[PDB]
> 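Input: one structure, supplied below.
All values below were derived from every heavy atom in this structure, side-chain atoms included, with hydrogens, water molecules and symmetry-related copies excluded. Labels below follow one simple rule: chain letters A, B, ... track the order of the sequence lines, proteins then strands, and each chain is numbered from 1.
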Amino acid sequence: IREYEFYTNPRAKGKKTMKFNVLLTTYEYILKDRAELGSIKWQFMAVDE
DNA sequence: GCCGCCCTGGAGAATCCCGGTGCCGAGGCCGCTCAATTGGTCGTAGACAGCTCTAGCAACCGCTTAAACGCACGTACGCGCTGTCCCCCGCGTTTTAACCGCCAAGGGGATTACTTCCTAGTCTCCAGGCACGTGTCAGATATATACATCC
């Protein structure tokens, strides 16, 4: 998911634009992947429960 | 008639038992004597109470995922048997030194008593080192943007 679908141009080395619009995740992968998700300029967060 | 040989009885000496007396191990008694006891005083160690903050605990949840478990196979190793040879054990003989009993004098060290003085405990006062918290600063890291180039 991270290398095939996050980036429109994952083959580049500079700034990578986002390809998706909404990302669904759970709490376990929020804590497991803090480093791979914190460096994303999010526009909106919706936390259920 | 005279001389030599076999059978049997009572008195002299050795041994067991008992009593009187002297010597070794241990306990009661006495004397010194120093350390435990008793009595009193006082300071403080610790018990108790109180408040605050953090860790643990019982019993439940949910998710992930790597470790545990079960099973099949295979093969390596534990184990048993046999041979062999060699080295340790048993014994007889000879040596030798440990052990015990001896000088010969001298120093080391354990006590007993005494003297002295240096150094460490104790007390008071003070200050700086250690513990904690924070502002700031230079090295490391990531990316923004401009230039040369291949297809």
> If the condition is side chain to side chain contact (heavy atoms under 4.5 Å, CB included), which residues does A/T17 pass it with, not counting sequence neighbours?
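Residues passing side chain to side chain contact (heavy atoms under 4.5 Å, CB included) with A/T17: A/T8, A/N9.
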> Could you write out each protein N or O paired with an N or O of nucleotides 149-151 of chain B at a distance under 3.5 Å?
none

> Would you measure the distance from the P atom in B/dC114 across to the matching atom in B/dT33 and give it in whole Å?
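Approximately 15 Å lies between the P atom of B/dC114 and that of B/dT33.
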> For residues A/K13 and A/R11, report the shortest heavy-atom separation together with the two atoms involved.
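Heavy atoms only, the tightest pair is NZ-O, 3.5 Å.
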> According to side chain to side chain donor-acceptor pair (under 3.5 Å), who are the partners of A/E5, at least two apart in sequence or on a separate chain?
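By the side chain to side chain donor-acceptor pair (under 3.5 Å) rule, A/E5 matches no residue at all.
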> Can you list everything that forms a side chain to side chain contact (heavy atoms under 4.5 Å, CB included) with A/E28? Sequence neighbours excluded, please.
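Expected list: A/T26.
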> Taking the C1' atom of each, how far is B/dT44 from B/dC48, in whole Å?
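The answer is 16 Å between these two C1' atoms.
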> Listing time: all N or O pairs from protein to nucleotides 60-66 of chain B that are below 3.5 Å?
unit_1	atom_1	unit_2	atom_2	d
B/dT64	OP1	A/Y29	OH	2.8
B/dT64	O3'	A/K32	NZ	3.1
B/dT65	OP1	A/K32	NZ	2.7

> Applying side chain to side chain contact (heavy atoms under 4.5 Å, CB included), can you list everything that pairs with A/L23, at least two apart in sequence or on another chain?
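Side chain to side chain contact (heavy atoms under 4.5 Å, CB included) check on A/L23 returns A/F6, A/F20, A/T25, A/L37, A/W42.
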> Positive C1'-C2'-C3'-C4' counts as north, negative as south. Which one applies to B/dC61?
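Because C1'-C2'-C3'-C4' is positive here, the pucker of B/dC61 counts as north.
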> Quick one: CZ on A/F44 to CG on A/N21, what's the gap to the nearest 0.5 Å?
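Here the rounded value is 14.5 Å.
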> Closest heavy-atom contact between A/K16 and A/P10?
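That would be NZ-O, 3.0 Å.
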> North or south: which describes the sugar of B/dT111, going by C1'-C2'-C3'-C4'?
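The B/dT111 sugar sits on the north side, the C3'-endo region.
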> Would a 4.5 Å heavy-atom cut-off, applied to side chains only, mark A/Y27 and A/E49 as touching?
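In short, these two side chains touch, coming nearer than 4.5 Å.
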> State the dot-bracket string of DNA chain B. Criteria: Watson-Crick or G-U wobble, both atom distances under 3.5 angstrom; notation: ( ) intrastrand, [ ] crossing earlier pairs, | interstrand, . unpaired.
.......................................................................................................................................................
> State the sugar conformation of B/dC102 as north or south, using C1'-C2'-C3'-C4' as the deciding torsion.
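That sugar belongs to the north family, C3'-endo side.
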> Within this structure, what is the NZ-to-P distance between A/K16 and B/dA142, rounded to whole angstrom?
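Those two atoms, NZ and P, are 14 Å apart.
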> Should the pair A/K19 and A/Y7 be classed as cation-pi, given the thresholds of under 6.0 Å to the six-membered ring centre and 45° from the axis?
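No, cation not above the ring by the 6.0 Å, 45° rule.
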> Please report the sugar pucker of B/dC99 as north or south based on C1'-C2'-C3'-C4'.
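Negative torsion, so south.
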